[PDB]
Number of protein chains: 2
Amino acid sequence: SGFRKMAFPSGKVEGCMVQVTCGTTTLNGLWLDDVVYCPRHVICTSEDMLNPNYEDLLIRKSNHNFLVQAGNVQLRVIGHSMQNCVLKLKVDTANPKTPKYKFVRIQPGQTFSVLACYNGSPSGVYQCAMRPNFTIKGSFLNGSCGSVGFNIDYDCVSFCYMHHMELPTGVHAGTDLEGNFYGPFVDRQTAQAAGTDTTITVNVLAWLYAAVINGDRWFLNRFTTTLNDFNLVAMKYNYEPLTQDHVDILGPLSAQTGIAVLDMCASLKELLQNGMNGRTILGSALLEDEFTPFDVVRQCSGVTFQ
Amino acid sequence: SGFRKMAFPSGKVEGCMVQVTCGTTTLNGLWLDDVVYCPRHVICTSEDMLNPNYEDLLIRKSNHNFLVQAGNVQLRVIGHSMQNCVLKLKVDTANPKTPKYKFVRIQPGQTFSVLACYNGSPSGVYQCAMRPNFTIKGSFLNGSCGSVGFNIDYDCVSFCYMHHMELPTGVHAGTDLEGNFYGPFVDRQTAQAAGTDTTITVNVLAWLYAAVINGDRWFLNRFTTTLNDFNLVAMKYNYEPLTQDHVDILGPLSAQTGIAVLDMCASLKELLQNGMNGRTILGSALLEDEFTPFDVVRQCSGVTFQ
Ligand SMILES: *[C@H](O)[C@H](C[C@@H]1CCNC1=O)NC(=O)[C@H](CC(C)C)NC(=O)OCc1ccccc1
Ligand SMILES: *[C@H](O)[C@H](C[C@@H]1CCNC1=O)NC(=O)[C@H](CC(C)C)NC(=O)OCc1ccccc1
């Protein structure tokens with residue numbers, strides 16, 4: 001029993017974190033096979049970050065301006081290119097520890113583990129969600145750039161995130177590992193808006209299901225509702241519209257629990273209109289939306305490796 | 001910026017998790033050098049767990065009744081003993097991946113990372129605190145026993161917890177790695193009370209300091225207080241008495257922030273007497289107590305490896 005914000009075991013991605021230095025800036029880089037991925041703003045100086053002409057800065061750079069080291073071992077750089085906002089550094093040595101891996105562009109509402117690094121060395125793992133507005137509520141100090149987000153499936157690391165910047169609101173933004181930002185962001189030290197952040201309704205329901213599974217059942221109603229009437233309630237409260245594949249995705253949880261999805265939505269509507277009245281659900285006084293249905297099932301089922 | 005429940009990188013302890021089987025029961029075990037530590041109730045059968053005579057069950061056991069495997073590799077057992085509630089299985093092979101390690105008995109209020117395992121394979125990491133009442137609010141399904149809790153310092157793994165059982169309240173109990181339970185617990189399938197759980201006051205303050213550091217400053221008062229008068233407030237609300245080495249431990253946070261500790265206590269007294277009025281602190285509507293002062297400093301400072 002019990003439900004926790006659980007990150008993936010980080011051992012596979014640990015052996016992939018390197019230090020990438022270019023002049024005074026040091027960032028983290030991801031060493032897979034014989035290429036090192038890192039945020040391209042490693043090539044920026046003190047001033048360049050207001051509005052960098054990245055191709056023009058990269059031209060001033062040669063292979064030997066890129067100090068990359070894995071722990072103590074310095075790797076020789078035999079090639080560099082820029083793919084979108086990511087620098088790809090070809091190195092002579094294949095990482096002896098590259099795991100089976102995929103690059104994937106995750107979708108909003110999906111979660112992933114972040115291995116927060118500084119100076120190529122790991123300092124912590126936590127779980128977070130790609131918000132609907134394509135930001136993450138992370139914990140990133142200076143030098144954390146190039147820290148990566150990932151999922152594990154069997155022995156397969158699925159890298160989906162590389163950290164680039166902090167916004168004015170204090171949330172975080174970053175790219176997929178092909179260097180394309182999630183969201184409308186650009187890697188400049190400029191004021192950039194994220195949109196309104198909506199709540200991931202299907203995740204909240206999955207967390208209500210985990211709550212029922214774990215004994216928290218006070219919020220269970222005697223009511224029901226309809227997709228459309230709940231969806232009018234969702235829009236009042238900046239909740240993403242619940243759709244028919246959402247109820248289908250909750251199917252396993254609905255069956256394992258014997259609570260129809262729309263009975264759960266009607267429970268959620270009451271929580272949204274009457275608050276929690278100072279009660280708690282799974283040790284929280286807020287509605288939690290960083291648990292996907294798969295997170296719940298994996299945790300309430302104990303799926304290993306992954 | 002940002003503050004998250006961060007676990008330690010789990011790579012070092014991953015390479016130490018094995019499967020230990022004895023008849024029908026399978027648990028996780030910790031393979032360090034040529035010994036495998038695992039909960040002694042691996043030797044229990046269906047019925048034995050109501051009130052096991054553990055020495056009498058262990059006598060029926062020989063070295064070859066202990067199937068331990070690391071991934072696919074089965075290790076030969078060359079010796080077994082029982083130290084308190086832990087079985088020590090001597091194996092012929094030293095783990096080629098044992099990290100620098102210590103066994104430590106952590107104190108209440110301290111935190112640690114848990115690597116939740118099933119069948120000797122890791123499935124997730126999360127952070128939790130040894131409650132004042134010596135339980136943990138974990139996430140542990142069947143087969144999770146032998147999962148371990150740990151801290152990292154430089155390259156040094158400090159193992160402090162091994163999971164044994166779930167209580168009626170759904171919290172979790174376990175031993176240090178010398179097999180002595182934290183708390184008044186015994187490894188029987190019996191109804192066992194933990195005490196009232198008090199809130200770790202010094203941790204709540206450290207989290208208020210992290211909140212100020214991260215921009216959340218609405219709760220800051222114009223009041224002050226005294227250790228004794230706050231401590232009368234703490235006792236009303238099941239908060240552990242704040243002591244003089246507690247304010248001294250908060251010293252670095254008090255200095256880095258310019259908020260006297262007793263000004264913070266007076267802010268905490270107001271939160272305790274007037275609630276949060278539907279506001280949030282660091283994305284939470286509850287007062288959080290699973291962050292020690294060192295957790296805050298490490299996170300607000302970015303300390304690596306550890
Ligand atoms: C990469 O190490 C860094 C991560 C920031 C630093 C503090 N917290 C973070 O998430 N990213 C940047 O410094 C980025 C540089 C651009 C050229 C992409 N600028 C940025 O994020 O500005 C916001 C900021 C806030 C607080 C301190 C420094 C920068
Ligand atoms: C070890 O794998 C297991 C962990 C329990 C199982 C479910 N959640 C847990 O934390 N520990 C035990 O099964 C323990 C056996 C005693 C001989 C130590 N008994 C126990 O914890 O009883 C409570 C329980 C609750 C729900 C399912 C099974 C047992």
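Read the numbers this way: they start at 1 and go in the same order the structure lists the ligands and their atoms. All chains are named by letter (A, B, ...) in the order of the sequence lines, taking the proteins before the strands, and each is independently numbered beginning at 1.
- In the vicinity of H172(A), heavy-atom distances shorter than 4.0 Å reach the ligand 1 atoms 10 (O).
- Looking at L27(A), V42(A), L141(A) and measuring to atom 7 (C) of ligand 1, the nearest heavy atom belongs to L141(A).
- Between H163(A) and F140(A), the ring-plane angle classifies as parallel under the 30° and 60° cut-offs.
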Any chance you could lay out the ring-ring contact (aromatic ring centres under 6.0 Å, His included) test for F3(B) and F291(B), step after step, and finish with the verdict? CA-CA 10 Å; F3(B) 206 72; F291(B) 291 108; 4.6 Å; yes

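- Around atom 14 (C) of ligand 1, the closest heavy atom drawn from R40(A), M49(A), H164(A) belongs to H164(A).
- With 3.5 Å as the limit, one finds a donor-acceptor pair spanning the side chains of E47(B) and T45(B).
- No part of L167(A) comes within 4.0 Å of ligand 1, judged by heavy-atom distances.
- The nearest pair of heavy atoms linking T304(A) to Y118(B) is OG1-O, 3.8 Å.
- Judged by the shortest distance from any of its heavy atoms, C44(A) lies outside the 4.0 Å radius around the atoms of ligand 1.
- For atom 26 (C) of ligand 2, no protein heavy-atom neighbour is found at a distance under 4.0 Å.
- Closest protein heavy atom to atom 28 (C) of ligand 2: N142(B) ND2, 3.7 Å.
- Checked by atom type, the side-chain pair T135(A)/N133(A) shows a donor-acceptor distance below 3.5 Å.
- At least one donor-acceptor pair closer than 3.5 Å links the side chain of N214(A) to the backbone N or O of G2(A).
- The single protein non-hydrogen atom nearest to atom 19 (N) of ligand 2 is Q189(B) OE1, 3.1 Å, given as residue, atom name and distance.
- Distance from atom 3 (C) of ligand 1 to its nearest protein heavy atom, with residue and atom name: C145(A) SG, 2.8 Å.
- Counting heavy atoms closer than 4.0 Å to ligand 1, residue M165(A) contributes atoms from both its backbone and its side chain.
- Atoms of ligand 1 lying under 4.0 Å from any heavy atom of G143(A), numbered from 1 in the order shown and given with element: 2 (O).
- Classified by interplanar angle (parallel below 30°, tilted 30° to 60°, perpendicular above 60°), the ring pair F103(B)/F159(B) is perpendicular.
- In terms of protein heavy atoms, atom 8 (N) of ligand 2 is closest to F140(B) O, 3.0 Å.
- Heavy-atom neighbours of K88(B) NZ from other residues, nucleotides or ligands within 6.0 Å: at or below the threshold of 12.
- Between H163(A) and ligand 1, at least one pair of N/O atoms sits closer than 3.5 Å.
- Among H41(A), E166(A), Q192(A), the residue whose heavy atom lies closest to atom 9 (C) of ligand 1 is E166(A).
- Residues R131(B) and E290(B) are paired through a salt bridge, judged by an N-O separation under 4.0 Å between the basic side chain and the carboxylate.
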